[PDB]
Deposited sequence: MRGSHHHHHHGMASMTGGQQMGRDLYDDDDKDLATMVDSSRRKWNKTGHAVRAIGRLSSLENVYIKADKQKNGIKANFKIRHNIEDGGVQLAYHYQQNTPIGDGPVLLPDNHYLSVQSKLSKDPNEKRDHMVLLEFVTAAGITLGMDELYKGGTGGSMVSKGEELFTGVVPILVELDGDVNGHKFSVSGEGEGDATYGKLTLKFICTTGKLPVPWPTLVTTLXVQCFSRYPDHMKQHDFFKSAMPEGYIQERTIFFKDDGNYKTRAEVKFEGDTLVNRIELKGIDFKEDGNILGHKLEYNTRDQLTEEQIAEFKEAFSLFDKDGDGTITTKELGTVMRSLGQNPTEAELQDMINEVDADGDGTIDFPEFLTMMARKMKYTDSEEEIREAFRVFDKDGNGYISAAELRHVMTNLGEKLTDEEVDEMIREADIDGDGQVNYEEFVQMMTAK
């Protein structure tokens, strides 16, 4: 019951950390190229702990002359699930993804090509630090639901980088745009003739990928043909060392749902099943921060799938599930620590933890605070240090 009070307060602090970061796929118009650009950050969990970040910069430009839709700023929100085919002997990846557009609060001819199930083919040739490879993929897309299902095989044998590092490179035309956002769908507007998609992908503390792809219909089939070049990777880093987790570790016990609901209720103080800017502002002040109305709006917008300007319960569950699927960076975890460690000395004291609990509205007398400090205090100094916090947080 003191482990329930860490869990709750921890989840709240994590929720605020999610709402204050930029996890989606940000798309903007690029009038000079009659297309778009994007930027986003991908997290690759490192198998023995930690996260490997990959910073993406993207440009798309139409292959044809016909007119295209240039969007207002918005984002795509991706849910990916990687798995293995138990009968496949070759080095491979099975991928299932659901992609939805959002970020604009409350139809081109190309879009007609996507109203049913469309076969897909993908072909990639790569070269990373001189290690060459090829990948072929096939499956289908159902843009009505933002859905893709694909299987990929490394046709040259063993893949010299981890599969997850290639997911972004391996058809954003299959995204589901909501009815109020159909005029911002560049990708389908450019079909059937297609677009060129280019990226540079920076793997933090390591090398980079450069990619160029052509995405277009070839008969009935939507084809993505790509070349990729990787340079400057460390032979012992996460990429060439194969130190990244493959598998989407996507639990969500009913128990975990229940813990997220408890943190939800800390925000949703009128119990109506949705969090407003007023409510989010209340929580953040009480934790020491002082956001403006604009920032609170932008925070909500980051996870506001229906665009009504509030975070409803299912939208909060979705946000929290994703925040637990991928590991936080050391900078992020330190930030969370600093919410508690108010004097910055590296130690959460009983006094500091009371101050946060008092301030967040809990009745908890000196007594139970102690009980909480004690629960987390591994080395018995009567305080919680960074490493004890990191553990209390998993």
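Mapping the modelled residues onto the deposited sequence reveals missing stretches at 1-38, 145-158, 223, 448-449.
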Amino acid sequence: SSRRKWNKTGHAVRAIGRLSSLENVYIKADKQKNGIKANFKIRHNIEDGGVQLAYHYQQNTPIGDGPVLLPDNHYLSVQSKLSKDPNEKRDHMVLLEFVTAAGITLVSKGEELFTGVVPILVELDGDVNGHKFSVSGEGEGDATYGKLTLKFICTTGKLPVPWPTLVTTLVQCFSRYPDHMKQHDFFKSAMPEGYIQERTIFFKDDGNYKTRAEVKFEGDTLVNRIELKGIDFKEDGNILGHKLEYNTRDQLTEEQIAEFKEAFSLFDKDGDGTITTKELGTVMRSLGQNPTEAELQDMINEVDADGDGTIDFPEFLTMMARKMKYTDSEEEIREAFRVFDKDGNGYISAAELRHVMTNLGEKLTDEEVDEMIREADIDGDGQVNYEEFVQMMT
From here on, numbers count along this sequence of modelled residues.
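Mean CA temperature factor is higher for 260-268 when stretches 207-215 and 260-268 are set side by side in the entry. In this entry, the higher average B-factor at the C-alpha atoms falls on 350-358, of the pair 58-66 and 350-358. Between the residues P291, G141, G103, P162, it is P291 that shows the highest Cα B-factor in the PDB record. Compared with the other modelled residues of the chain, the Cα B-factor recorded for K109 ranks in the highest third. In the deposited entry, the Cα temperature factor of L121 sits in the middle third of values across the chain's modelled residues. Among all modelled residues in its chain, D308 ranks in the middle third by Cα B-factor. Per-chain ranking of the deposited C-alpha B factor places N34 in the middle third.
In the PDB entry, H180 places in the middle third of its chain by CA B-factor.
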